[PDB]
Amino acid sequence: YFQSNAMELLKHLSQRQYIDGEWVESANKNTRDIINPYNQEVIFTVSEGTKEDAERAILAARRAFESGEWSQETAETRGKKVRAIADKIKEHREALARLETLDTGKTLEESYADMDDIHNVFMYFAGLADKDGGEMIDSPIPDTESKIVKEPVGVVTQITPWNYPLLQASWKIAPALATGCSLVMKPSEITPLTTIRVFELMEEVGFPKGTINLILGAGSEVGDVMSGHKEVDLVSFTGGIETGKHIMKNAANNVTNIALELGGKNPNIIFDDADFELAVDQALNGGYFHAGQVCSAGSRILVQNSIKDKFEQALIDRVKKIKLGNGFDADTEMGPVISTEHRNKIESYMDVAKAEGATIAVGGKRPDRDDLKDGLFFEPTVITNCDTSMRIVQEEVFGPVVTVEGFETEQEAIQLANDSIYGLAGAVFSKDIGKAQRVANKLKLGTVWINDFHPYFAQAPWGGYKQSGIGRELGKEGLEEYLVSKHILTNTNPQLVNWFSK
């Protein structure tokens, strides 16, 4: 009784926003219904905040920041509180995993793995909090002392996507809290459940009023307030490229720093000297984990011409066996897509593939099976006889869809892999490790996997080249987005200059 228990969890979950230490409704009492993508049933109703609520949260975050209660707390103590959040995630791993599956549709196994990652993100940043306060500089001016002090950047606004909501939240919350910033977070309007829950958990730990704030929904001009308010010091946005560009333009009005992660067209490069069985397995894993909606998805398969036919038929044969179903059922290998609008977007992209002349080798429709009929399912799809000039190869579909292109040589694989506007992540499969390393050094991607697909972890920075984003999350670089440098120069033997006549 996995799903019905998860449903009973909801009877204890807050429905409200969290602003300045209090759970509160929307200023105009508006609500929004949240859906289970497996059966499209409404599972919960939450507040839908207004732009005045967002304004209020940002002003509270500012007041808290200036008060120093969190920003001037010792780094060691901030780290202890971030660890306490980590430990709460582990304590509540089952419930959180179940809530994530209910809200997003992914398999329970995927959700459990995700909860383990999230615990490790918090634990990583807890440990990093007190490890680097700045630098002493060897001043070139005699009788001076020069130091660089790291300070928290201030008030941060954090906007997360519907694909891996709590995971993306953790990437933003952990460094903000570790550094002493105040934050205002707004999860996707579609998938707020686990974010609400993590806010309840953070309240249990206890932070100064205003240090953490949660805004819910997609209210009119809320996004604009979060990117454009004069009191914001950093906007951290993960989501679609068009929204990201708008956010950056908004941020310019007050000279606000931005960190953006905007998607990808991630290549999966398979040489003829790859372990063949491995490359087929990982092409499946690349394409279809979380129904191709995880940000690391490998939608663009590039395979060496010599084995392309062999590869295509192996991949297609496997794709026909993929088990679709309820994320709570153990035999499910792939769940539904996230929303009606997203499935429609995916369907309109298949309109494009057809208008461009590509072949849908398998999939490309909604499944008919009775038990899948009420849910937001779409068949795992393989598109063949496509080329780099096509919209279906160039544009991010964010669904259970891969394209397959051939290449003759190493140089052509690199040129094709780099021929998109994006640059987030990708893989190279070859037993020739030297070759794989040559390719990796030429790919304009923030993360390159050699003989693997998907890995990310707190210890290493993640983010895009090209139009995939600005900045990095995770690792030390991720922490650094939340800090500002101040050079304090002291003249220890000050003398008159006497430039101007006396």
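Between two forms, the rigid core is the largest collection of C-alphas that superpose within 1.5 Å. Heads up: residue numbers just count along the shown sequence, starting at 1.
K.L.:
Superpose by the rigid core: which stretch, 216 to 224 or 200 to 208, shows more Cα shift in 4 other deposited structures of this protein?
P.N.:
If we average over structures and residues in 4 other deposited structures of this protein, the farther stretch is 216 to 224.
K.L.:
Which segment is farther from the shown form on average in 4 other deposited structures of this protein after a rigid core fit, 490 to 498 or 10 to 18, going by CA atoms?
P.N.:
When 490 to 498 and 10 to 18 are compared in 4 other deposited structures of this protein, the bigger C-alpha shift is seen for 490 to 498.
K.L.:
Tell me which of 37 to 45 and 452 to 460 has the higher mean C-alpha B-factor in the deposited entry.
P.N.:
Going by the record's values, the stretch with the higher mean is 37 to 45.
K.L.:
Going by the mean C-alpha B-factor recorded in the entry, which is higher: 175 to 183 or 396 to 404?
P.N.:
Higher mean C-alpha B-factor: 396 to 404.
K.L.:
Per the entry's Cα B factor values, which of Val121, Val198, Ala355, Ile414 stands out as the maximum?
P.N.:
Most elevated C-alpha B-factor of the set, per the entry: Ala355.
K.L.:
Report the option among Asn441, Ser468, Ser26, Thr447 whose CA atom has the maximum B-factor in the deposited record.
P.N.:
Of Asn441, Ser468, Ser26, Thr447, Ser26 has the highest C-alpha B-factor.
K.L.:
Taking only the Cα B-factors deposited for this chain, tell me whether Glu473 sits in the lowest, middle or highest third.
P.N.:
Within its chain, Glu473 is a lowest-third residue by C-alpha B-factor, going by the deposited values.
K.L.:
Could you say whether, by C-alpha temperature factor, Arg32 belongs to the lowest, middle or highest third of its chain?
P.N.:
It falls in the top third of the chain.
K.L.:
Of the three thirds of its chain by CA temperature factor, lowest, middle or highest, which one includes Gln293?
P.N.:
Within its chain, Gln293 is a middle-third residue by C-alpha B-factor, going by the deposited values.
K.L.:
Report the third (lowest, middle or highest) to which the CA temperature factor of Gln437 belongs, ranking only the modelled residues of the same chain.
P.N.:
It falls in the bottom third of the chain.
K.L.:
Comparing against every modelled residue in the chain, figure out the third that the C-alpha B-factor of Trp162 lands in (lowest, middle or highest).
P.N.:
Middle third - that is where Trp162 ends up once the chain's C-alpha B-factors are sorted.
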